[PDB]
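K.L.:
Let me give you the structure first, and then I'll get to my questions.
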2 protein chains.
Amino acid sequence: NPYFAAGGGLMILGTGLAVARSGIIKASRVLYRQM
Amino acid sequence: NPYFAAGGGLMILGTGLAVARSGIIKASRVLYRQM
């Protein structure tokens with residue numbers, strides 16, 4: 001399809017993994033000091 | 001594969017090395033004043 005030329009889904013994946021990294025970092029920041 | 005046209009992994013590597021640089025800078029900021 002002509003939409004394949006854009007191929008902007010990698011931006012979505014990058015935002016998703018960045019948010020996941022931030023959330024996991026905050027969790028581990030709480031996990032160590034919780035147990 | 002058609003996914004090679006995008007080639008967005010360099011963004012992932014850049015984010016990883018930037019985070020590593022920040023973490024190492026903070027560590028050295030603690031390492032000098034710890035020992």
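Here, A, B, ... name the chains of the structure tokens in the order displayed, residue numbers run from 1 inside each chain, and ligands are numbered from 1 in the same displayed order.
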Leaving out residue 5 in chain A and any residue of its chain fewer than 5 positions from it, which residues lie within 12 Å of it when counting only C-alpha atoms, given as a ChimeraX atom specification?
P.N.:
/B:2-3,5-6
K.L.:
Within 12 Å of chain A, which residues of chain B come that close, and what is the closest atom pair and distance in Å for each? Count only C-alpha atoms and give it as JSON lines.
P.N.:
```
{"residue": "B:2", "atom": "CA", "partner": "A:4", "partner_atom": "CA", "distance": 9.1}
{"residue": "B:3", "atom": "CA", "partner": "A:7", "partner_atom": "CA", "distance": 8.8}
{"residue": "B:4", "atom": "CA", "partner": "A:7", "partner_atom": "CA", "distance": 11.0}
{"residue": "B:5", "atom": "CA", "partner": "A:7", "partner_atom": "CA", "distance": 9.0}
{"residue": "B:6", "atom": "CA", "partner": "A:7", "partner_atom": "CA", "distance": 6.9}
{"residue": "B:7", "atom": "CA", "partner": "A:10", "partner_atom": "CA", "distance": 9.0}
{"residue": "B:8", "atom": "CA", "partner": "A:10", "partner_atom": "CA", "distance": 6.5}
{"residue": "B:9", "atom": "CA", "partner": "A:10", "partner_atom": "CA", "distance": 8.9}
{"residue": "B:10", "atom": "CA", "partner": "A:14", "partner_atom": "CA", "distance": 11.0}
{"residue": "B:11", "atom": "CA", "partner": "A:14", "partner_atom": "CA", "distance": 8.0}
{"residue": "B:12", "atom": "CA", "partner": "A:14", "partner_atom": "CA", "distance": 7.4}
{"residue": "B:13", "atom": "CA", "partner": "A:14", "partner_atom": "CA", "distance": 11.2}
{"residue": "B:14", "atom": "CA", "partner": "A:14", "partner_atom": "CA", "distance": 11.5}
{"residue": "B:15", "atom": "CA", "partner": "A:18", "partner_atom": "CA", "distance": 8.7}
{"residue": "B:16", "atom": "CA", "partner": "A:18", "partner_atom": "CA", "distance": 10.1}
{"residue": "B:19", "atom": "CA", "partner": "A:21", "partner_atom": "CA", "distance": 10.6}
```
